[PDB]
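Peer 1: Structure supplied as entry.cif; contents: mmCIF, C-alpha atoms; chains and numbers go by the auth columns.
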data_entry
#
loop_
_atom_site.group_PDB
_atom_site.id
_atom_site.type_symbol
_atom_site.label_atom_id
_atom_site.label_comp_id
_atom_site.label_asym_id
_atom_site.label_seq_id
_atom_site.Cartn_x
_atom_site.Cartn_y
_atom_site.Cartn_z
_atom_site.B_iso_or_equiv
_atom_site.auth_seq_id
_atom_site.auth_asym_id
ATOM 1 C CA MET A 1 -5.746 -27.408 -14.791 0.00 1 A
ATOM 2 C CA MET A 2 -2.939 -24.815 -14.663 0.00 2 A
ATOM 3 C CA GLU A 3 -4.857 -22.162 -12.685 0.00 3 A
ATOM 4 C CA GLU A 4 -3.152 -22.743 -9.357 0.00 4 A
ATOM 5 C CA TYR A 5 -0.601 -20.127 -10.449 0.00 5 A
ATOM 6 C CA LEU A 6 -3.066 -17.364 -9.626 0.00 6 A
ATOM 7 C CA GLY A 7 -4.574 -19.235 -6.660 0.00 7 A
ATOM 8 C CA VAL A 8 -1.198 -19.128 -4.870 0.00 8 A
ATOM 9 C CA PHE A 9 -0.297 -15.658 -6.133 0.00 9 A
ATOM 10 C CA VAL A 10 -3.157 -14.265 -4.017 0.00 10 A
ATOM 11 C CA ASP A 11 -2.759 -16.562 -0.985 0.00 11 A
ATOM 12 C CA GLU A 12 0.656 -14.919 -0.743 0.00 12 A
ATOM 13 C CA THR A 13 -0.569 -11.330 -1.199 0.00 13 A
ATOM 14 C CA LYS A 14 -3.096 -11.777 1.639 0.00 14 A
ATOM 15 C CA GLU A 15 -0.661 -13.405 4.078 0.00 15 A
ATOM 16 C CA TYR A 16 1.638 -10.491 3.262 0.00 16 A
ATOM 17 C CA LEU A 17 -0.915 -7.667 3.613 0.00 17 A
ATOM 18 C CA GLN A 18 -1.448 -8.791 7.190 0.00 18 A
ATOM 19 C CA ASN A 19 2.264 -9.192 7.637 0.00 19 A
ATOM 20 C CA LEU A 20 2.275 -5.765 6.029 0.00 20 A
ATOM 21 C CA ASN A 21 -0.451 -4.565 8.368 0.00 21 A
ATOM 22 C CA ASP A 22 1.476 -5.877 11.292 0.00 22 A
ATOM 23 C CA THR A 23 4.387 -3.864 10.036 0.00 23 A
ATOM 24 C CA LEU A 24 2.227 -0.832 9.282 0.00 24 A
ATOM 25 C CA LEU A 25 0.156 -1.243 12.434 0.00 25 A
ATOM 26 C CA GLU A 26 3.321 -1.682 14.437 0.00 26 A
ATOM 27 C CA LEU A 27 4.821 1.101 12.421 0.00 27 A
ATOM 28 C CA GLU A 28 2.229 3.418 13.951 0.00 28 A
ATOM 29 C CA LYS A 29 3.546 2.535 17.408 0.00 29 A
ATOM 30 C CA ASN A 30 6.976 2.650 15.800 0.00 30 A
ATOM 31 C CA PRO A 31 6.894 4.985 12.887 0.00 31 A
ATOM 32 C CA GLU A 32 10.627 5.738 13.128 0.00 32 A
ATOM 33 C CA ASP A 33 12.142 2.326 13.894 0.00 33 A
ATOM 34 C CA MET A 34 13.077 2.296 10.205 0.00 34 A
ATOM 35 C CA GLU A 35 12.355 -1.432 10.349 0.00 35 A
ATOM 36 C CA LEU A 36 8.588 -1.273 9.981 0.00 36 A
ATOM 37 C CA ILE A 37 9.173 1.452 7.388 0.00 37 A
ATOM 38 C CA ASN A 38 11.500 -0.836 5.408 0.00 38 A
ATOM 39 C CA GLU A 39 9.553 -3.986 6.244 0.00 39 A
ATOM 40 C CA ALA A 40 6.520 -2.299 4.740 0.00 40 A
ATOM 41 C CA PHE A 41 8.191 -0.225 1.992 0.00 41 A
ATOM 42 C CA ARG A 42 9.469 -3.623 0.785 0.00 42 A
ATOM 43 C CA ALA A 43 6.391 -5.869 1.082 0.00 43 A
ATOM 44 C CA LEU A 44 4.370 -3.046 -0.500 0.00 44 A
ATOM 45 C CA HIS A 45 6.979 -2.843 -3.262 0.00 45 A
ATOM 46 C CA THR A 46 6.717 -6.624 -3.630 0.00 46 A
ATOM 47 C CA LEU A 47 2.919 -6.560 -3.225 0.00 47 A
ATOM 48 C CA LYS A 48 2.653 -3.819 -5.868 0.00 48 A
ATOM 49 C CA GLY A 49 4.687 -5.850 -8.381 0.00 49 A
ATOM 50 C CA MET A 50 2.581 -8.971 -7.738 0.00 50 A
ATOM 51 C CA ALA A 51 -0.432 -6.739 -8.488 0.00 51 A
ATOM 52 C CA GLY A 52 1.046 -5.689 -11.842 0.00 52 A
ATOM 53 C CA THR A 53 1.713 -9.259 -12.993 0.00 53 A
ATOM 54 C CA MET A 54 -1.901 -10.083 -12.107 0.00 54 A
ATOM 55 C CA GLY A 55 -3.237 -7.493 -14.564 0.00 55 A
ATOM 56 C CA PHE A 56 -4.539 -5.524 -11.561 0.00 56 A
ATOM 57 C CA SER A 57 -2.382 -2.365 -11.671 0.00 57 A
ATOM 58 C CA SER A 58 -5.306 -0.444 -10.197 0.00 58 A
ATOM 59 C CA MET A 59 -4.579 -2.370 -7.011 0.00 59 A
ATOM 60 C CA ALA A 60 -0.803 -2.315 -7.554 0.00 60 A
ATOM 61 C CA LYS A 61 -0.752 1.484 -7.668 0.00 61 A
ATOM 62 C CA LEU A 62 -2.249 1.253 -4.184 0.00 62 A
ATOM 63 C CA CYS A 63 0.682 -0.921 -3.118 0.00 63 A
ATOM 64 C CA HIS A 64 3.092 1.639 -4.604 0.00 64 A
ATOM 65 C CA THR A 65 1.268 4.558 -2.956 0.00 65 A
ATOM 66 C CA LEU A 66 1.652 3.178 0.592 0.00 66 A
ATOM 67 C CA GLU A 67 5.253 2.227 -0.174 0.00 67 A
ATOM 68 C CA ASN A 68 5.677 5.782 -1.393 0.00 68 A
ATOM 69 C CA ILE A 69 4.958 7.149 2.074 0.00 69 A
ATOM 70 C CA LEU A 70 7.282 4.520 3.379 0.00 70 A
ATOM 71 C CA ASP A 71 9.663 5.772 0.727 0.00 71 A
ATOM 72 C CA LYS A 72 9.639 9.396 1.874 0.00 72 A
ATOM 73 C CA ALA A 73 9.756 7.958 5.371 0.00 73 A
ATOM 74 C CA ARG A 74 12.991 6.299 4.276 0.00 74 A
ATOM 75 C CA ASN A 75 13.874 9.339 2.130 0.00 75 A
ATOM 76 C CA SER A 76 13.413 11.732 5.076 0.00 76 A
ATOM 77 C CA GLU A 77 10.444 13.410 3.363 0.00 77 A
ATOM 78 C CA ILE A 78 7.464 12.193 5.401 0.00 78 A
ATOM 79 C CA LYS A 79 6.760 10.261 8.600 0.00 79 A
ATOM 80 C CA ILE A 80 3.834 8.203 9.922 0.00 80 A
ATOM 81 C CA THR A 81 1.705 11.004 11.346 0.00 81 A
ATOM 82 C CA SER A 82 -1.137 8.530 12.045 0.00 82 A
ATOM 83 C CA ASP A 83 -2.783 10.099 8.970 0.00 83 A
ATOM 84 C CA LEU A 84 -0.349 9.175 6.189 0.00 84 A
ATOM 85 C CA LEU A 85 -0.547 5.652 7.601 0.00 85 A
ATOM 86 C CA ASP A 86 -4.350 5.751 8.011 0.00 86 A
ATOM 87 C CA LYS A 87 -4.754 6.527 4.302 0.00 87 A
ATOM 88 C CA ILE A 88 -2.088 3.920 3.615 0.00 88 A
ATOM 89 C CA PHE A 89 -3.990 1.304 5.629 0.00 89 A
ATOM 90 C CA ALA A 90 -6.948 2.653 3.682 0.00 90 A
ATOM 91 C CA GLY A 91 -5.188 1.760 0.436 0.00 91 A
ATOM 92 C CA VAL A 92 -4.515 -1.727 1.804 0.00 92 A
ATOM 93 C CA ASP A 93 -8.212 -1.716 2.757 0.00 93 A
ATOM 94 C CA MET A 94 -9.380 -1.276 -0.837 0.00 94 A
ATOM 95 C CA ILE A 95 -6.552 -3.523 -2.018 0.00 95 A
ATOM 96 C CA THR A 96 -8.321 -6.099 0.163 0.00 96 A
ATOM 97 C CA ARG A 97 -11.796 -5.156 -1.106 0.00 97 A
ATOM 98 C CA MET A 98 -10.497 -5.608 -4.666 0.00 98 A
ATOM 99 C CA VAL A 99 -8.978 -8.908 -3.545 0.00 99 A
ATOM 100 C CA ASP A 100 -12.370 -9.884 -2.083 0.00 100 A
ATOM 101 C CA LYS A 101 -14.073 -9.092 -5.391 0.00 101 A
ATOM 102 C CA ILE A 102 -11.095 -10.221 -7.476 0.00 102 A
ATOM 103 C CA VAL A 103 -11.330 -13.465 -5.530 0.00 103 A
ATOM 104 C CA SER A 104 -15.104 -13.398 -6.064 0.00 104 A
ATOM 105 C CA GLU A 105 -14.812 -12.472 -9.745 0.00 105 A
ATOM 106 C CA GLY A 106 -11.228 -11.391 -10.493 0.00 106 A
ATOM 107 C CA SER A 107 -11.864 -7.650 -10.971 0.00 107 A
ATOM 108 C CA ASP A 108 -9.951 -4.949 -9.103 0.00 108 A
ATOM 109 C CA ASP A 109 -12.455 -2.342 -10.342 0.00 109 A
ATOM 110 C CA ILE A 110 -13.979 -1.182 -7.023 0.00 110 A
ATOM 111 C CA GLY A 111 -14.709 2.412 -8.113 0.00 111 A
ATOM 112 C CA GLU A 112 -11.575 3.212 -6.079 0.00 112 A
ATOM 113 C CA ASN A 113 -9.604 6.442 -6.660 0.00 113 A
ATOM 114 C CA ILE A 114 -5.823 5.920 -6.781 0.00 114 A
ATOM 115 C CA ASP A 115 -4.811 9.202 -8.440 0.00 115 A
ATOM 116 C CA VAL A 116 -7.027 10.616 -5.703 0.00 116 A
ATOM 117 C CA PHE A 117 -6.242 8.337 -2.763 0.00 117 A
ATOM 118 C CA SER A 118 -2.590 8.931 -3.609 0.00 118 A
ATOM 119 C CA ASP A 119 -2.950 12.639 -4.280 0.00 119 A
ATOM 120 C CA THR A 120 -4.792 12.852 -0.980 0.00 120 A
ATOM 121 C CA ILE A 121 -1.899 11.185 0.779 0.00 121 A
ATOM 122 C CA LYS A 122 0.726 12.807 -1.472 0.00 122 A
ATOM 123 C CA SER A 123 -0.740 16.201 -0.628 0.00 123 A
ATOM 124 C CA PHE A 124 -1.208 15.122 2.979 0.00 124 A
ATOM 125 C CA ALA A 125 2.587 15.206 3.294 0.00 125 A
ATOM 126 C CA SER A 126 4.600 17.491 0.982 0.00 126 A
ATOM 127 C CA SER A 127 2.760 20.827 1.296 0.00 127 A
ATOM 128 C CA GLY A 128 3.782 24.375 0.310 0.00 128 A
ATOM 129 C CA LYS A 129 1.039 26.762 1.493 0.00 129 A
ATOM 130 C CA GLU A 130 1.781 30.278 0.185 0.00 130 A
ATOM 131 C CA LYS A 131 4.498 29.784 -2.458 0.00 131 A
ATOM 132 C CA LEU A 132 5.949 32.236 -5.010 0.00 132 A
ATOM 133 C CA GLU A 133 3.338 35.007 -4.632 0.00 133 A
#
Would you mind writing the file out in structure tokens?
Peer 2:
Amino acid sequence: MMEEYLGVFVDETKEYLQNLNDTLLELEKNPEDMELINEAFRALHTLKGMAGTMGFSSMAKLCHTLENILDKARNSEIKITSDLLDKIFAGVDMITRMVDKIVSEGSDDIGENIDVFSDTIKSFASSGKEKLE
């Protein structure tokens, strides 16, 4: 059978999420080393792509969201305030839940809320209270 292509595709995404949690959980203790920010901004960028080729963009958008905070972190827009990373680790949390159901059935539909979980984090950083009247 030629199904081992997807069996290895996930075994790599899981070993990377941890490697990406070690980077993001070490990033919290070192949210400015610029190594955990690039070690994560990358894996998440690679994890997001692997989630698009799997037909699970709902879980890939989560990989792009986290990497987005790691992007502003590398773009000088945001920094790991222990909250932008908590929601990020929260995205990797659902990404795992989808992987647990995707592995149990292959569906990334966990009633998650990307546009929301991202807007929550996207608004949790760039803010402009009181603007133009």
Peer 1: Against segment 103-122 of chain A, which residues of segment 33-88 of chain A fall within 7 Å? For each one I want the closest pair of atoms and the distance in Å (one decimal), counting all atoms listed in the file, rows by chain and increasing residue number, as a Markdown table.
Peer 2:
| residue | atom | partner | partner_atom | distance |
| --- | --- | --- | --- | --- |
| A:56 | CA | A:108 | CA | 6.0 |
| A:58 | CA | A:108 | CA | 6.6 |
| A:59 | CA | A:108 | CA | 6.3 |
| A:61 | CA | A:114 | CA | 6.8 |
| A:62 | CA | A:114 | CA | 6.4 |
| A:65 | CA | A:118 | CA | 5.9 |
| A:84 | CA | A:121 | CA | 6.0 |
| A:87 | CA | A:121 | CA | 6.5 |
Peer 1: Of the residues A:90, A:126, A:52, A:5, which is the one nearest to residue 72 of chain A, using only C-alpha atoms?
Peer 2: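 The closest residue to residue 72 of chain A is A:126.
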Peer 1: Just to confirm, what's the straight-line distance from atom CA of residue 102 of chain A to atom CA of residue 10 of chain A in Å (one decimal)?
Peer 2: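 If I compute the distance from atom CA of residue 102 of chain A to atom CA of residue 10 of chain A, I get 9.6 Å.
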Peer 1: Could you write out as a PyMOL selection string the residues that the PyMOL selection byres ((chain A and resi 39) around 12) matches in the shown file?
Peer 2: chain A and resi 16-17+19-27+30-38+40-47+67+70-71+73-74
Peer 1: The centre and edge lengths of an axis-aligned box containing all atoms of segment 27-40 of chain A present in the file, extended by 4 Å on each side, are to be given in Å to one decimal, as lines of an AutoDock Vina configuration file.
Peer 2:
center_x = 7.7
center_y = 0.9
center_z = 11.1
size_x = 18.8
size_y = 17.7
size_z = 20.7
Peer 1: For each of A:92, A:80, A:85, A:132, take the minimum atom-to-atom distance to residue 60 of chain A, counting only C-alpha atoms, then give the residue where this is smallest.
Peer 2: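 Nearest candidate to residue 60 of chain A out of A:92, A:80, A:85, A:132: A:92.
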Peer 1: May I ask for the distance between atom CA of residue 79 of chain A and atom CA of residue 130 of chain A, given in Å to one decimal place?
Peer 2: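 According to the coordinates, atom CA of residue 79 of chain A and atom CA of residue 130 of chain A are separated by 22.3 Å.
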Peer 1: Rounded to one decimal place, report the atom CA of residue 14 of chain A-atom CA of residue 76 of chain A distance in Å.
Peer 2: 28.9 Å
Peer 1: Pick the closest to residue 6 of chain A from A:78, A:125, A:94, A:99: which is it, counting all atoms listed in the file?
Peer 2: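 Among A:78, A:125, A:94, A:99, it is A:99 that comes nearest to residue 6 of chain A.
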Peer 1: Kindly indicate which residue among A:1, A:15, A:81, A:55 lies nearest to residue 29 of chain A, using all atoms listed in the file for the distances.
Peer 2: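 Between A:1, A:15, A:81, A:55, the residue approaching residue 29 of chain A most closely is A:81.
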Peer 1: Determine the nearest neighbour of residue 57 of chain A from the options A:18, A:95, A:28, A:77, counting all atoms listed in the file.
Peer 2: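 Closest residue, counting all atoms listed in the file: A:95.
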Peer 1: Which is closest to residue 96 of chain A among A:4, A:11, A:82, A:133, if we use all atoms listed in the file?
Peer 2: A:11
Peer 1: Can I get segment 36-55 of chain A with N, CA, C and O atoms filled in, as an mmCIF file, keeping the file's coordinate frame?
Peer 2:
data_model
loop_
_atom_site.group_PDB
_atom_site.id
_atom_site.type_symbol
_atom_site.label_atom_id
_atom_site.label_comp_id
_atom_site.auth_asym_id
_atom_site.auth_seq_id
_atom_site.Cartn_x
_atom_site.Cartn_y
_atom_site.Cartn_z
ATOM 1 N N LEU A 36 9.979 -1.109 10.473
ATOM 2 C CA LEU A 36 8.588 -1.273 9.981
ATOM 3 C C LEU A 36 8.434 -0.420 8.728
ATOM 4 O O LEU A 36 7.611 -0.686 7.875
ATOM 5 N N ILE A 37 9.249 0.598 8.599
ATOM 6 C CA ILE A 37 9.173 1.452 7.388
ATOM 7 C C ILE A 37 9.825 0.710 6.224
ATOM 8 O O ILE A 37 9.413 0.831 5.087
ATOM 9 N N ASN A 38 10.836 -0.074 6.502
ATOM 10 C CA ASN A 38 11.500 -0.836 5.408
ATOM 11 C C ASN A 38 10.836 -2.197 5.261
ATOM 12 O O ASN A 38 10.831 -2.794 4.203
ATOM 13 N N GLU A 39 10.251 -2.675 6.314
ATOM 14 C CA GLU A 39 9.553 -3.986 6.244
ATOM 15 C C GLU A 39 8.279 -3.802 5.442
ATOM 16 O O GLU A 39 7.799 -4.694 4.770
ATOM 17 N N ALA A 40 7.753 -2.623 5.501
ATOM 18 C CA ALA A 40 6.520 -2.299 4.740
ATOM 19 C C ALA A 40 6.906 -1.755 3.361
ATOM 20 O O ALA A 40 6.435 -2.229 2.346
ATOM 21 N N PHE A 41 7.774 -0.773 3.312
ATOM 22 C CA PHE A 41 8.191 -0.225 1.992
ATOM 23 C C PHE A 41 8.587 -1.377 1.064
ATOM 24 O O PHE A 41 8.444 -1.299 -0.140
ATOM 25 N N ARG A 42 9.072 -2.453 1.624
ATOM 26 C CA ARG A 42 9.469 -3.623 0.785
ATOM 27 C C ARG A 42 8.226 -4.435 0.411
ATOM 28 O O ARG A 42 7.825 -4.486 -0.735
ATOM 29 N N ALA A 43 7.612 -5.065 1.375
ATOM 30 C CA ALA A 43 6.391 -5.869 1.082
ATOM 31 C C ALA A 43 5.470 -5.098 0.142
ATOM 32 O O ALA A 43 4.969 -5.638 -0.820
ATOM 33 N N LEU A 44 5.254 -3.838 0.399
ATOM 34 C CA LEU A 44 4.370 -3.046 -0.500
ATOM 35 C C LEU A 44 4.999 -2.980 -1.888
ATOM 36 O O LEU A 44 4.322 -3.043 -2.895
ATOM 37 N N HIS A 45 6.295 -2.882 -1.945
ATOM 38 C CA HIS A 45 6.979 -2.843 -3.262
ATOM 39 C C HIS A 45 6.858 -4.221 -3.907
ATOM 40 O O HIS A 45 6.737 -4.356 -5.109
ATOM 41 N N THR A 46 6.861 -5.244 -3.098
ATOM 42 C CA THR A 46 6.717 -6.624 -3.630
ATOM 43 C C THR A 46 5.228 -6.891 -3.885
ATOM 44 O O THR A 46 4.855 -7.551 -4.835
ATOM 45 N N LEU A 47 4.381 -6.365 -3.043
ATOM 46 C CA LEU A 47 2.919 -6.560 -3.225
ATOM 47 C C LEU A 47 2.459 -5.778 -4.456
ATOM 48 O O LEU A 47 1.603 -6.215 -5.201
ATOM 49 N N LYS A 48 3.035 -4.627 -4.682
ATOM 50 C CA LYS A 48 2.653 -3.819 -5.868
ATOM 51 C C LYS A 48 3.045 -4.570 -7.144
ATOM 52 O O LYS A 48 2.279 -4.671 -8.083
ATOM 53 N N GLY A 49 4.237 -5.101 -7.177
ATOM 54 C CA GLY A 49 4.687 -5.850 -8.381
ATOM 55 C C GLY A 49 3.763 -7.045 -8.607
ATOM 56 O O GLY A 49 3.304 -7.288 -9.705
ATOM 57 N N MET A 50 3.482 -7.793 -7.576
ATOM 58 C CA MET A 50 2.581 -8.971 -7.738
ATOM 59 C C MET A 50 1.200 -8.510 -8.210
ATOM 60 O O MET A 50 0.423 -9.283 -8.735
ATOM 61 N N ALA A 51 0.893 -7.252 -8.039
ATOM 62 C CA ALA A 51 -0.432 -6.739 -8.488
ATOM 63 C C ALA A 51 -0.332 -6.268 -9.939
ATOM 64 O O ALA A 51 -1.324 -6.051 -10.605
ATOM 65 N N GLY A 52 0.865 -6.127 -10.433
ATOM 66 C CA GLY A 52 1.046 -5.689 -11.842
ATOM 67 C C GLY A 52 1.099 -6.930 -12.728
ATOM 68 O O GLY A 52 0.651 -6.926 -13.857
ATOM 69 N N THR A 53 1.634 -8.000 -12.207
ATOM 70 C CA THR A 53 1.713 -9.259 -12.993
ATOM 71 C C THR A 53 0.347 -9.950 -12.992
ATOM 72 O O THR A 53 0.104 -10.882 -13.731
ATOM 73 N N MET A 54 -0.540 -9.481 -12.169
ATOM 74 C CA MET A 54 -1.901 -10.083 -12.107
ATOM 75 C C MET A 54 -2.863 -9.293 -12.992
ATOM 76 O O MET A 54 -4.044 -9.569 -13.050
ATOM 77 N N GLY A 55 -2.361 -8.309 -13.679
ATOM 78 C CA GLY A 55 -3.237 -7.493 -14.564
ATOM 79 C C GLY A 55 -4.046 -6.515 -13.714
ATOM 80 O O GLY A 55 -4.904 -5.811 -14.208
#
